[PDB]
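A short write-up of the structure that comes next.
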Amino acid sequence: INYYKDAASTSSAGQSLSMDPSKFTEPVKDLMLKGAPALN
Amino acid sequence: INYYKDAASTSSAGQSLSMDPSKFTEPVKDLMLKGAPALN
Amino acid sequence: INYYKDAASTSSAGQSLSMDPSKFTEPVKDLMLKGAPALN
Amino acid sequence: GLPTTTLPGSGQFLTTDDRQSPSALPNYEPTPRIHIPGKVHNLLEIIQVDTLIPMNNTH
Amino acid sequence: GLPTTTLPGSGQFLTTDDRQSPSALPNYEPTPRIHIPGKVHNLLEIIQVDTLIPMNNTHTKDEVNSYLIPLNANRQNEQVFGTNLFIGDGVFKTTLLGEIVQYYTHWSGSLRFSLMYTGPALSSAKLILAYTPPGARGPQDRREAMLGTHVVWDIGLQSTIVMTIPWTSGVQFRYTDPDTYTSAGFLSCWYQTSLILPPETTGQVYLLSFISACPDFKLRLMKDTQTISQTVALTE
Amino acid sequence: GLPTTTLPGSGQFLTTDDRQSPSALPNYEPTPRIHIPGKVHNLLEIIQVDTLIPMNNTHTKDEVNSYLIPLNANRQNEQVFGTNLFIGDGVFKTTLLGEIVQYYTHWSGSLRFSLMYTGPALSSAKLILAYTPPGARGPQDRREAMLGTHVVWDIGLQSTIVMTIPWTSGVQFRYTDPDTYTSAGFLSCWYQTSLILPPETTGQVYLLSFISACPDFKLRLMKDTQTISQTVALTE
Amino acid sequence: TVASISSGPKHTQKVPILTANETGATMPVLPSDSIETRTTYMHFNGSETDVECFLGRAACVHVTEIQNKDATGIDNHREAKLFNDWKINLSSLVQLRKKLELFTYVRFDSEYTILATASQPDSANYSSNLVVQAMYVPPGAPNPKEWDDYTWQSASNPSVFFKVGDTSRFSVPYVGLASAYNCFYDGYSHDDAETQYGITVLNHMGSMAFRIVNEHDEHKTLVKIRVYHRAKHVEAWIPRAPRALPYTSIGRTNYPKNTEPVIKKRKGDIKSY
Amino acid sequence: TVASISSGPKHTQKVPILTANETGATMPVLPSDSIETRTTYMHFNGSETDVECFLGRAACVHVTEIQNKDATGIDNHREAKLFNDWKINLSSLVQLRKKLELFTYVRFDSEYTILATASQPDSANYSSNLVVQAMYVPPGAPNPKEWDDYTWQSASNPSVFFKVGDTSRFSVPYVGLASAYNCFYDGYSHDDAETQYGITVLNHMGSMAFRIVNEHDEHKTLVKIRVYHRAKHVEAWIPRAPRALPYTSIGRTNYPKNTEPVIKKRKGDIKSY
Amino acid sequence: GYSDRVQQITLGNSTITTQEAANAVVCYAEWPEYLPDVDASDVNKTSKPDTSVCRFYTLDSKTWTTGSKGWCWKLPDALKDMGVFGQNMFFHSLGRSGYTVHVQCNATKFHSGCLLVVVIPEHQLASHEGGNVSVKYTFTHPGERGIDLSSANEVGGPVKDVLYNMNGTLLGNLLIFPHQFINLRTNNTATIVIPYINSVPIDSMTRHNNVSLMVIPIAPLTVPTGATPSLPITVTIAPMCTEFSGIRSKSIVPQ
Ligand SMILES: Cc1cc(CCCOc2c(C)cc(-c3noc(C(F)(F)F)n3)cc2C)on1
Ligand SMILES: Cc1cc(CCCOc2c(C)cc(-c3noc(C(F)(F)F)n3)cc2C)on1
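Taken in order, these protein sequences are the chains called D, D', D'', C, C', C'', A, A' and B. A prime marks a further copy of an entry chain. Quick note, the first sequence lines up with residues 29 to 68 if you use the deposited numbering. Quick note, the second sequence lines up with residues 29 to 68 if you use the deposited numbering. Quick note, the third sequence lines up with residues 29 to 68 if you use the deposited numbering. Quick note, the fourth sequence lines up with residues 1 to 59 if you use the deposited numbering. Quick note, the fifth sequence lines up with residues 1 to 236 if you use the deposited numbering. Quick note, the sixth sequence lines up with residues 1 to 236 if you use the deposited numbering. Quick note, the seventh sequence lines up with residues 17 to 289 if you use the deposited numbering. Quick note, the eighth sequence lines up with residues 17 to 289 if you use the deposited numbering. Quick note, the ninth sequence lines up with residues 8 to 262 if you use the deposited numbering.
Right, dumping it as structure tokens:
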């Protein structure tokens with residue numbers, strides 16, 4: 029239950045629960061499969 | 029939920045959401061169409 | 029919502045909304061019609 | 001414990017406010033109502049009854 | 001008794017908070033509403049109405065003359081007037097737009113700048129209004145100004161020319177208070193051809209400039225204005 | 001009036017509590033969201049990206065050289081480098097992993113330790129990375145290290161070798177702060193055969209080591225880090 | 017909601033940017049009428065500029081002073097400030113005043129907040145817990161004469177009792193005699209050659225008295241009272257020119273003689289940037 | 017959710033542990049790729065490491081000081097600290113700063129908490145109940161000059177009044193002019209050869225003034241104010257290298273000359289444990 | 008070929024024509040109307056003289072010179088002595104009305120000048136003395152003659168600096184009020200229809216002026232070489248939907 033009118037006054041959002049590290053770990057153009065030679 | 033009996037004790041009304049500037053911007057007698065000569 | 033057990037602890041009753049001045053303005057025995065001679 | 005936030009005005013005594021308050025005499029049974037003629041509900045009721053005007057202040 | 005826990009902030013008086021409070025006058029019946037024309041619901045409503053700009057600051061004291069932009073006969077290329085676009089200061093500071101704008105911290109949107117010619121009917125002229133978006137300097141000659149958003153105004157039957165100052169910015173909001181990273185640009189006017197007067201006509205013709213906001217406009221973060229003050233409480 | 005009873009704690013300010021509070025700017029409309037690439041949702045997301053380890057502390061001052069692990073030609077059996085696995089201190093303390101890890105009290109999971117060879121293409125070598133789980137000492141010779149979790153790396157076309165440090169522990173969580181009962185073990189590297197250089201090639205080849213966490217990783221009990229401080233408030 | 021539609025080249029007989037301001041109208045010309053534009057959306061409602069928000073926050077409207085001291089020998093309690101009063105009005109402190117005076121008529125309910133702070137300018141062994149009494153004294157009600165009159169019984173006048181250092185809160189319904197409050201009034205109380213002019217004869221809302229219930233302590237205590245006003249359930253009519261020159265009096269539109277120019281003067285040409 | 021799958025002996029052409037870091041990618045190698053593993057579950061979600069939690073707690077962001085004393089004869093109220101102000105920014109105290117600066121752009125709503133504590137360094141017969149006024153003064157709003165200016169009327173600026181020793185709480189929506197706050201800005205306010213560089217020209221959020229409403233007592237009282245910030249409804253973009261060297265200034269990335277080595281030096285070999 | 012420029016207005020037995028107007032303004036887009044039952048309070052049946060008071064009355068002409076500052080009339084005051092309308096004003100306790108204001112000023116295609124014609128609801132004037140000095144009744148009830156902003160201050164009177172609208176606000180912002188300009192090169196007449204604007208259903212017409220009309224030269228007058236340096240300005244006003252209530256003795260007002 030929200031006592032105030034504005035969005036800003038509500039409490040913490042609660043876990044995003046998305047979690048995709050690939051945009052930082054694998055920002056490569058040509059997909060690289062684990063186990064397959066990184067440089068073919 | 030309103031705790032008090034009188035109207036005066038309730039909180040802010042919340043946005044009117046009408047918004048008609050024409051009564052101040054176009055208080056002319058004969059309607060003037062945008063693009064049509066103001067003085068015909 | 030009433031928090032207490034006794035009637036006495038409740039708040040103001042709110043307008044009676046009866047309003048009959050005749051028991052003070054016209055406490056006469058023989059009904060007198062407006063416009064008709066008060067003494068016939 | 002329900003988290004609350006006290007607002008300005010807390011502790012004030014507004015002679016005009018209308019709230020509930022605990023009864024100092026719990027379980028007391030007031031005397032029954034009996035019929036009493038001449039009940040007044042509104043002051044607007046009685047000012048419709050006319051009274052004499054001391055028009056002749058002069059004294 | 002319902003167990004509670006008071007949180008930090010309890011007892012504070014936030015001038016901006018919006019809560020309920022008991023009525024000091026219970027059962028009071030306010031006077032009925034009657035119809036009154038000219039109801040205003042939003043300030044964004046009224047700033048769309050344009051008012052006169054005291055473009056001609058030049059004077060030693062506030063004068064009707066500060067609203068008159070002089071125009072000189074038989075001049076070519078020359079500049080008629082100029083000003084930066086800090087709508088919360090300069091010429092704009094006292095206009096309805098500027099006045100209201102200063103009640104808020106942020107602004108965004110497009111501005112409506114108009115020019116009404118008042119010279120004799122039998123005179124003629126072609127001026128050019130230019131809006132120079134931030135990034136460069138205020139134009140120093142027509143050629144330079146002309147390279148940006150502009151309007152070639154032909155004076156005639158329709159007395160007023162309405163040039164728009166299209167919201168041209170990277171960041172989506174600017175400060176009403178003059179701030180550099182938040183500059184709006186420059187406005188300038190030049191002679192496209194030149195003012196020509198008829199025979200037996202002599203002297204100066206003036207231009208009246210107006211400023212107003214487009215429905216584009218947005219204003220936010222209310223604040224006190226630098227346009228009013230007092231040293232001691234007023235008395236009856 | 002609803003009867004209440006204030007509980008102990010009323011009036012306290014818990015920096016960690018999460019409650020509602022009135023807005024000082026009612027009806028304010030924040031700026032629209034636009035798309036910005038590279039959004040981060042969890043720190044566990046970024047520590048999976050590996051960064052360079054300054055394995056070569058040996059220097060008197062921070063230098064690019066602290067990231068270069070020297071490798072010497074024609075050496076046999078010898079040890080290339082070594083370090084305990086207190087990821088919250090030592091070599092690791094300044095890495096992205098260590099840096100983030102230090103924002104929490106407990107850690108658990110598997111670590112990813114990589115080694116990229118930078119010596120000339122025409123050179124060759126076979127090293128051996130070993131992870132010695134807690135309970136014994138850091139290995140003092142290849143034979144000893146080889147008796148535990150290890151990887152025989154053959155240098156060649158694929159420049160990097162990725163050895164995992166599989167979460168090997170009794171208790172399910174370790175402290176980021178170096179604590180003995182909570183030790184992670186030891187990491188060491190040795191010559192499996194030896195570095196061989198080609199003709200007309202002289203000197204030193206270096207190895208670059210990286211550290212990152214596996215999706216295995218868990219971190220908990222947030223806390224302040226020993227990696228930043230100040231004596232007086234900063235000023236503009 | 018679109019902020020700007022997509023509009024390309026143009027070459028018409030329909031000239032939208034040519035108008036005649038002498039008609040008195042501000043034609044709604046848009047950027048897309050004078051330049052090629054792309055589509056863009058508002059993402060804005062204008063909630064913060066609604067009159068309900070503009071006058072919807074607390075603003076200080078009056079500061080006064082009362083003091084707790086030995087009343088023995090004082091002939092005029094009022095002058096001594098044993099109790100003091102405020103002839104209610106919203107035009108004493110200019111900040112809120114300019115806002116309200118952005119319109120001609122205005123109607124709304126009000127939420128008041130009274131803050132009382134204590135002060136002991138000279139020697140005191142402690143700070144006392146004083147309770148303030150703020151009593152609304154409508155026109156016609158007997159004004160207090162002494163700090164402990166019978167008038168403070170407040171049998172019918174409404175009033176609040178709160179601790180100094182604390183705050184008092186309550187709201188009042190629109191009490192105007194008309195359908196709205198007048199911010200301006202070009203008239204008089206009657207056709208008389210000398211009577212007052214202006215809203216001075218209209219906004220006759222009585223006054224509210226303040227006092228400190230406690231008897232006096234050895235030392236003297238100075239209590240300063242501040243009243244804050246917040247409008248709610250707002251309705252405004254007839255916008256007007258904002259005030260330019262400084263104020264001089266409550267209710268009058270008067271402005272000081274030999275006042276400084278309010279329009280800035282250019283440090284140069286009319287061509288200067 | 018599995019933490020590790022069951023994986024046994026291996027002898028393939030598929031070598032997962034052989035990669036090429038020069039590609040710029042961190043291949044997701046798992047223990048089960050280099051050793052025989054058993055099945056194990058996570059029993060973990062990673063809630064405490066969500067950016068909403070990382071920046072979701074109150075951290076002190078500023079400490080300042082004001083005092084209650086006789087203003088008679090003081091020419092510069094500001095210098096005397098009859099009232100003081102804080103040019104709002106989150107990079108004055110380093111702890112929170114390092115965290116925020118873990119990302120490039122950051123967007124969120126803020127919840128502030130202001131704590132005021134009193135102090136009487138020299139002779140006083142009691143501790144007074146002072147009320148603090150914290151007023152937000154946005155860019156463009158008139159700054160207070162004297163502790164009892166007209167500016168403190170705060171008709172439009174928002175502000176709170178709370179007792180010293182008590183705490184003030186309120187939240188503010190994301191007030192950035194852009195779609196997010198910049199923790200870094202490789203630019204200037206304009207193309208000028210001498211103007212400032214950095215977020216110094218971007219985070220121009222005005223300042224908030226503090227004062228003590230009560231008049232002065234006989235003794236002097238020292239009120240110290242601490243502002244705490246808690247982010248909520250967090251969104252962060254572009255992670256970056258954590259800060260290594262100590263800070264020297266608000267907004268600049270500058271670091272002190274002749275600074276100590278931050279990377280520990282080994283007490284021995286590169287072979288030392 | 009119907010034009011914005013050509014117009015005729017007929018009220019009662021009076022008609023006005025103009026061949027060089029610029030449309031016409033209807034204050035706040037509302038045409039004047041009578042008092043509806045739902046808004047009334049005063050229980051007296053009202054009087055509606057209709058055509059005998061809802062007609063055009065032409066004030067005395069003003070003279071626009073290169074030095075004129077402007078003029079200011081006040082309604083209903085300005086018509087207080089006009090035929091039956093005026094009489095009704097004093098004989099009744101209360102009354103309400105709207106008007107059609109028509110300001111005239113012709114010149115030639117060689118002249119130049121621009122008058123701002125505006126209607127200001129509740130135009131409470133300021134005293135030139137400042138402080139807390141009032142503005143005596145007679146000075147805000149100039150009647151037909153109106154107030155000449157270029158005349159000198161007088162004891163008890165209002166300030167008259169055109170620059171500050173006689174009330175502490177800047178001239179330039181007078182446009183927020185229903186207005187219209189008379190730009191000699193475009194115009195020659197201004198017309199403004201005023202509906203009843205007040206916070207009360209009906210009001211006293213002697214002690215309260217609902218609005219004031221102002222004609223203010225912005226762009227100064229300019230005449231061709233060797234011509235008379237002046238132009239006359241005429242103001243014609245007509246009440247409409249006029250209503251009077253509470254008839255009696257007839258007020259006797261200051262002076
Ligand atoms: C313009 C304009 C608008 C207003 C509104 C004035 C409201 O006046 C009041 C006030 C200020 C206080 C009370 C009031 N009721 O109770 C108390 C108290 F006792 F708590 F002070 N004060 C009642 C009215 C009608 O006055 N001028
Ligand atoms: C980076 C970065 C992020 C931010 C957020 C700054 C928020 O600034 C404020 C603050 C600190 C307080 C108020 C505020 N509103 O009311 C009050 C008070 F009066 F209670 F203080 N303070 C308003 C804004 C926009 O600033 N720099």
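Virtual Cβ for every residue (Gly too), placed ideally from N, Cα, C.
C-beta neighbour in chain A' for residue i, strict 7 Å
i, result
"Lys223/C''", "no"
"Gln140/C'", "no"
"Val101/C'", "no"
Same chain, Cβ closer than 6 Å to residue i, neighbours up to 5 away in sequence not counted
i, result
"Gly119/C''", "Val205"
"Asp165/A", "none"
Nearest to residue i (by Cα), restricted to the options the options
i, options, result
"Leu238/A", "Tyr128/A, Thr42/A, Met58/A and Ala132/A", "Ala132/A"
"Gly88/C'", "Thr105/C', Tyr28/C' and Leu221/C'", "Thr105/C'"
"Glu236/C''", "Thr216/A', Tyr142/A', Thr80/A' and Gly181/A'", "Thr216/A'"
"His245/A'", "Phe124/A', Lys161/A', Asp202/A' and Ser170/A'", "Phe124/A'"
"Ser205/A'", "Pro134/C', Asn27/C' and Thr176/C'", "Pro134/C'"
"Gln20/C", "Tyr31/D', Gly42/D' and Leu59/D'", "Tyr31/D'"
"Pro149/B", "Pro128/B, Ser59/B and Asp88/B", "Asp88/B"
C-beta neighbour in chain C' for residue i, strict 7 Å
i, result
"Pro49/D'", "yes"
Own chain partners of residue i with C-beta closer than 8 Å, once the 5 adjacent residues on each side are dropped
i, result
"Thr72/B", "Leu228, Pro236 and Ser237"
"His232/A", "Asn84, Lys85, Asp86 and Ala87"
Chain A contact for residue i (CB, 7 Å cutoff)
i, result
"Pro120/C'", "no"
"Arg214/B", "yes"
"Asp233/A'", "yes"
"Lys57/D'", "no"
For residue i, the first and last residue of its enclosing alpha helix (DSSP H)
i, result
"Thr53/D''", "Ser50 to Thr53"
"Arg113/A'", "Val110 to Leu116"
"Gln158/C''", "It is not in any alpha helix (DSSP H) - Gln158/C'' carries neither H nor E in the DSSP assignment."
"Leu7/C''", "It is not in any alpha helix (DSSP H) - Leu7/C'' carries neither H nor E in the DSSP assignment."
Residue i - containing beta strand (DSSP E), residue span
i, result
"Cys248/B", "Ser237 to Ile254"
C-beta neighbour in chain C for residue i, strict 7 Å
i, result
"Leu7/C''", "yes"
"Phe178/A", "yes"
"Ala36/D''", "yes"
Ligand 3 heavy atom lying under 6 Å from the CB of residue i
i, result
"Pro174/A", "With respect to small molecules bound, the structure shown includes ligand 1 and ligand 2 and not ligand 3."
Below-7 Å beta-carbon distance, residue i vs any chain B residue
i, result
"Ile196/C'", "no"
Within-7 Å CB hit, residue i to chain D'
i, result
"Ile53/C'", "no"
Bridge-paired residues (DSSP) for residue i
i, result
"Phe178/A'", "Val148/A'"
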